[PDB]
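J.: Residue numbers (our numbering), protein chains in the order written: chain P, 1 to 144; chain Y, 1 to 144; chain S, 1 to 39; chain Z, 1 to 39; chain A, 1 to 331.
Every residue, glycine too, gets a C-beta built ideally from N, C-alpha and C.
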Amino acid sequence: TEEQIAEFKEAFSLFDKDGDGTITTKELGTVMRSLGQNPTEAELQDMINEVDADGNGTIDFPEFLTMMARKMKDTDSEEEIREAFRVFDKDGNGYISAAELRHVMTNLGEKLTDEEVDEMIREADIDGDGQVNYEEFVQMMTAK
Amino acid sequence: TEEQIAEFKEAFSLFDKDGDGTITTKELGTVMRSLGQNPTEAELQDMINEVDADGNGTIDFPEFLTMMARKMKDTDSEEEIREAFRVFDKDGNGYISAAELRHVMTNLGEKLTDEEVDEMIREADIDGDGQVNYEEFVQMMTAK
Amino acid sequence: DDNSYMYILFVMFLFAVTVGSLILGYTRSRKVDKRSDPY
Amino acid sequence: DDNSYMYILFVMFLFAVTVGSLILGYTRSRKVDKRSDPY
Amino acid sequence: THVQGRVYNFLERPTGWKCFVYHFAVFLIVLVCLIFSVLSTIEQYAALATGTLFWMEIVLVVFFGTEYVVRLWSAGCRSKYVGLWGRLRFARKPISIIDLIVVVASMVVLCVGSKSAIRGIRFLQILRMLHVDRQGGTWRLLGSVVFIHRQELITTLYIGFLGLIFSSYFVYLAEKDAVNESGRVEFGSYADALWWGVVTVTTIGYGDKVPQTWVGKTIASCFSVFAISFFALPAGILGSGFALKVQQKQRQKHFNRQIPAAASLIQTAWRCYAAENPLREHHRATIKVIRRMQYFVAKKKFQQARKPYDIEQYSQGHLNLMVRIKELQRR
Ligand SMILES: [Ca+2]
Ligand SMILES: [Ca+2]
Ligand SMILES: [Ca+2]
Ligand SMILES: [Ca+2]
Numbered sequence: 001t002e003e004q005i006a007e008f009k010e011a012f013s014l015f016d017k018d019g020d021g022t023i024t025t026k027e028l029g030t031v032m033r034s035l036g037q038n039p040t041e042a043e044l045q046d047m048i049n050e051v052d053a054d055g056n057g058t059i060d061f062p063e064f065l066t067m068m069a070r071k072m073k074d075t076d077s078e079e080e081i082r083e084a085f086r087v088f089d090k091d092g093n094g095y096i097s098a099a100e101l102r103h104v105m106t107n108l109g110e111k112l113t114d115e116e117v118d119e120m121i122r123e124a125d126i127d128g129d130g131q132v133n134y135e136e137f138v139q140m141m142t143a144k
Numbered sequence: 001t002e003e004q005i006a007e008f009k010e011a012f013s014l015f016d017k018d019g020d021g022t023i024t025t026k027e028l029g030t031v032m033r034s035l036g037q038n039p040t041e042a043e044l045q046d047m048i049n050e051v052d053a054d055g056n057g058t059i060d061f062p063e064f065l066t067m068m069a070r071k072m073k074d075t076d077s078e079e080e081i082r083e084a085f086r087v088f089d090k091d092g093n094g095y096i097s098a099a100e101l102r103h104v105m106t107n108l109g110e111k112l113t114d115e116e117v118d119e120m121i122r123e124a125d126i127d128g129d130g131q132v133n134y135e136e137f138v139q140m141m142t143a144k
Numbered sequence: 001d002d003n004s005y006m007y008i009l010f011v012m013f014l015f016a017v018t019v020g021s022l023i024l025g026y027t028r029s030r031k032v033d034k035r036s037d038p039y
Numbered sequence: 001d002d003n004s005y006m007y008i009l010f011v012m013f014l015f016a017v018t019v020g021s022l023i024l025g026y027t028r029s030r031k032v033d034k035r036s037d038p039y
Numbered sequence: 001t002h003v004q005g006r007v008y009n010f011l012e013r014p015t016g017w018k019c020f021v022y023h024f025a026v027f028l029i030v031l032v033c034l035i036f037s038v039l040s041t042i043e044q045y046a047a048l049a050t051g052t053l054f055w056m057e058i059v060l061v062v063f064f065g066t067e068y069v070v071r072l073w074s075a076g077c078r079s080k081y082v083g084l085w086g087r088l089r090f091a092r093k094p095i096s097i098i099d100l101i102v103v104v105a106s107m108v109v110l111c112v113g114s115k116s117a118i119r120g121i122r123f124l125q126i127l128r129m130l131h132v133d134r135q136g137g138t139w140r141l142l143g144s145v146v147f148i149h150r151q152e153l154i155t156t157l158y159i160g161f162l163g164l165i166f167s168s169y170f171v172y173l174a175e176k177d178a179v180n181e182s183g184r185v186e187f188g189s190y191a192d193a194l195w196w197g198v199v200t201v202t203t204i205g206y207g208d209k210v211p212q213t214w215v216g217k218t219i220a221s222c223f224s225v226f227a228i229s230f231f232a233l234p235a236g237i238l239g240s241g242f243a244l245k246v247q248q249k250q251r252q253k254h255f256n257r258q259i260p261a262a263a264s265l266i267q268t269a270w271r272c273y274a275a276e277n278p279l280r281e282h283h284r285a286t287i288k289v290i291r292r293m294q295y296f297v298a299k300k301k302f303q304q305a306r307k308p309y310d311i312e313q314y315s316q317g318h319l320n321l322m323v324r325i326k327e328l329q330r331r
């Protein structure tokens, strides 16, 4: 962890286009739009509402470091993703077919690209059958 | 057990300030007040209501020995303390953060000192994260 | 029929409160997607 | 109106029993802490 | 600060066996007063209401005129409002807006009648029933049960009022010109036929207006059954809704009891483990007695915090399920 705690702060204040210790939530709506997102101001104010645990909106990484210091791979956020398959499960066992996973992948929430969702179920359907099991996916999401 | 069944009776009748075989519940309200507790008479009558299983109030250890002969470490009183964490559990897993454990430690029931509650979660948060698991605590309470 | 306008006004006004509550409920509704629930 | 005090007394007395039960319930209540429940 | 806070807890949100007396007795005095007031209109018992009733009213407004100021001065023991400018939002509490109207309006009516006058005392003597039921603990129940059940109430009142508006017009068209057995015409206007609609849709049936033509009796039959059902609906709706909210308060009131007895066990078990390090030796010889002594009291309180449930036989879906997991867990 000693080799990443220095150069990350170069990207932390990179959105403000200056040297100030600011996460720049007002300028994040221009930085992400320059990247090609262009969100609304309601979702933009919702970003640092839970990302920045301080509460101001622009920070010298109390929680911008803690956002990096949350690996999202241990057993505290591995069952919450495993519950997201359970909302789609019918008749138990994690039955989810490639057609049903493509049906739910390109339709709801924040949709993926077709070049992403076409190959997303590829490593989770190595047997080629009609059941993309959740345990074969969270094992791929174990390093996420 | 043969080395403790003799000198314990010197401390058993030590509250009556005499040689009688009496637990001295009327004098326990002066002994604990001299120690620095000073409870009410309602909680004082509640002490030997469940401590002394005979029912008089002052005893030649039928249950004052059985209070000593109840180690509170086997599997008959190890799940009842494990249920006390489950009243505080949110979203499973024993999520209890150091901030939440300090919030519940200094506020409710019979409160600890700050020098006690500040270092109580220290050995239960050896990883430094926001989850003081109950199994890491009852393993420390396994010799209690 | 001295104050006989009062009865008509009152009954029609209770009906109006009820129908207005119905319209508030339907407008303050969230979505109108007919067949998108079990898919 | 020969015994017409009786009706008034009786209705007012039933109301009194009900209100007295309400007051007993509120007094024999245990605590009045407004915001201390989910903390 | 002690005195002001004591007086607040005593006059508002009161507790203790003597506060009951005070409040309920003020209410019983209000009730005797209103009884004599309504007996002052019987035209045969009117001699009982002499001028001493009026002076018992002016000493009553003297009592309430300092009662309101006592509850105003004893309001600064609250975190919601302090001082004098903060205490104005204490007078936004509608029981206090009702009480201020009562005391000042009854004082104003008593002043002009002392220098239709006595008739105004009856309304501002009926209003003093409402202000002694403190905390508003009854209207908060109804205003939430109606809000939870807003859909069904709005639905059945809309259907019932539509049936009342529609089918009490066909009766008027069937009975616009028809006389009674005593020479008068019942359904003269639409308002007469609608008075009839409300009366027969709530199953009163006074009997002043009955449709005489045999066309109107059929419509009265149809609209009778098919709207008496939709107007008798909210009794059952609010009857479920009131018995489901008090059971939703006797869940959280037991859950507020469980938490300090699930704190008094863990905070004492840590104390029972901390026997290593809190002449300084024989003072530590005594604490091992008390940390094992009060731990058993806390253990009894925690088992008394979950075993008495409340309607206490609610384990009748999960009888063997609480044990069939634990015995599996021991293997
Ligand atoms: Ca900035
Ligand atoms: Ca901040
Ligand atoms: Ca003794
Ligand atoms: Ca005994």
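1) Which term fits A261(A), buried or exposed, when burial requires 16 or more other beta carbons within 10 angstroms of its beta carbon?
2) Mind listing the chain Y neighbours of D76(P)? Cutoff is C-beta to C-beta under 8 Å, in chain order.
3) Pull up the DSSP beta-bridge partners for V185(A), would you.
4) Helix, strand or coil, according to DSSP, for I59(Y) in the structure here?
5) Output, in chain order, the set of chain A residues within a Cβ distance shorter than 9 Å of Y7(S).
6) Going by DSSP, what residue range makes up the alpha helix (DSSP H) through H318(A)?
7) Using only the heavy atoms of ligand 6, determine whether one of them is closer than 7 Å to the beta carbon of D52(P).
8) Closer than 7 Å: is that where the CB of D118(Y) sits relative to any heavy atom of ligand 1?
9) Assign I126(A) to one of two classes, buried (16 or more other C-beta atoms within 10 Å of its C-beta) or exposed (fewer than that).
10) Alpha carbons only, please: which of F137(Y), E7(Y) and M105(Y) is nearest the one belonging to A124(Y)?
11) Could you tell me the alpha carbon to alpha carbon distance between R150(A) and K245(A), rounded to whole angstroms?
12) For the region 298-308 of chain A against the region 263-271 of chain A, are there 3 or more C-beta pairs whose distance is under 8 Å?
13) Please state the DSSP three-state secondary structure of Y95(Y).
14) Could you give the C-beta distance for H254(A) and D310(A), rounded to a whole number, given that I count them as a contact under 8 Å?
15) Hey, does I287(A) have any beta-carbon neighbour from chain Y nearer than 8 Å?
16) How would you label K144(Y), buried or exposed, when you count the other beta carbons within 10 angstroms and need 16 or more for buried?
17) If distances are taken between C-alpha atoms only, which option among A42(P), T58(P), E78(P) and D52(P) comes closest to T66(P)?
18) Strictly below 7 Å CB to CB, what residues from chain A border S29(S)?
19) Please classify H282(A): is it buried, with 16 or more other beta-carbons within 10 angstroms of its beta-carbon, or exposed?
20) What's the gap between the Cα of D127(P) and the Cα of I48(P)?
21) Is the closest heavy atom of ligand 3 to the C-beta of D20(Y) under 7 Å?
22) Restricting to Cα atoms, I'd like to know which of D89(P), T30(P), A69(P) and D46(P) is closest to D129(Y).
23) If you measure from the beta carbon of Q304(A) to each beta carbon in chain Y, is any gap under 8 Å?
24) Can you find the residues in the same chain that come closer than 7 Å, C-beta to C-beta, to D192(A), ignoring five residues on each side of it along the sequence?
25) Could you round the C-beta distance between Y95(Y) and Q131(Y) to whole angstroms and report it? I think they count as a contact, below 8 Å.
26) Inspect the CB distances between the region 94-107 of chain A and the region 123-137 of chain A and report whether three or more fall short of 8 Å.
27) For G160(A), which residues in the same chain have their Cβ closer than 7 Å to its Cβ, ignoring the five residues on either side in sequence?
28) Can we count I237(A) as close to ligand 2, meaning its CB is less than 7 Å from some heavy atom?
29) Per DSSP, what kind of secondary structure is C111(A) in: helix, strand or coil?
30) Taking only three categories from DSSP, how would you classify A25(A)?
31) Under 7 Å from any heavy atom of ligand 4, does the C-beta of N56(Y) make it?
32) If you check the beta carbons only, do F24(A) and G20(Z) fall under 8 Å apart?
33) Under the three-state reduction of DSSP, which class applies to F15(Y): helix, strand or coil?
34) Relative to the alpha-carbon of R119(A), which residue among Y273(A), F54(A) and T66(A) has its alpha-carbon at the smallest distance?
35) What three-state label does DSSP hand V117(Y) in the structure shown?
T.: So, from the data block:
1) buried
2) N93, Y95 and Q131
3) Answer is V179(A).
4) Secondary structure at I59(Y): coil, using DSSP grouped into helix, strand and coil.
5) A191, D192, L194, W195 and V198
6) Note, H318(A): premise wrong, no alpha helix (DSSP H); not H, not E.
7) Inclusion of ligand 6 in the displayed structure is not the case, the ligand content consisting of ligand 1, ligand 2, ligand 3 and ligand 4 alone.
8) no
9) exposed
10) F137(Y)
11) 15 Å
12) Output reads yes: the region 263-271 of chain A touches the region 298-308 of chain A.
13) Coil.
14) With a Cβ gap of about 6 Å, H254(A) and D310(A) count as contacting.
15) yes
16) Only buried fits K144(Y), as 16 or more other CB atoms lie within 10 angstroms of its CB.
17) Cα-wise, what sits closest to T66(P) is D52(P).
18) Against chain A, the beta carbon of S29(S) has no neighbour under 7 Å; the closest one sits roughly 11 Å away.
19) exposed
20) 42 Å
21) yes
22) For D129(Y), the nearest C-alpha among the options comes from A69(P).
23) no
24) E186 and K209
25) 6 Å
26) yes
27) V201, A227, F230 and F231
28) no
29) helix
30) helix
31) Because some heavy atom of ligand 4 lies under 7 Å away, the Cβ of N56(Y) counts as near it: yes.
32) yes
33) coil
34) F54(A)
35) Helix, per DSSP.
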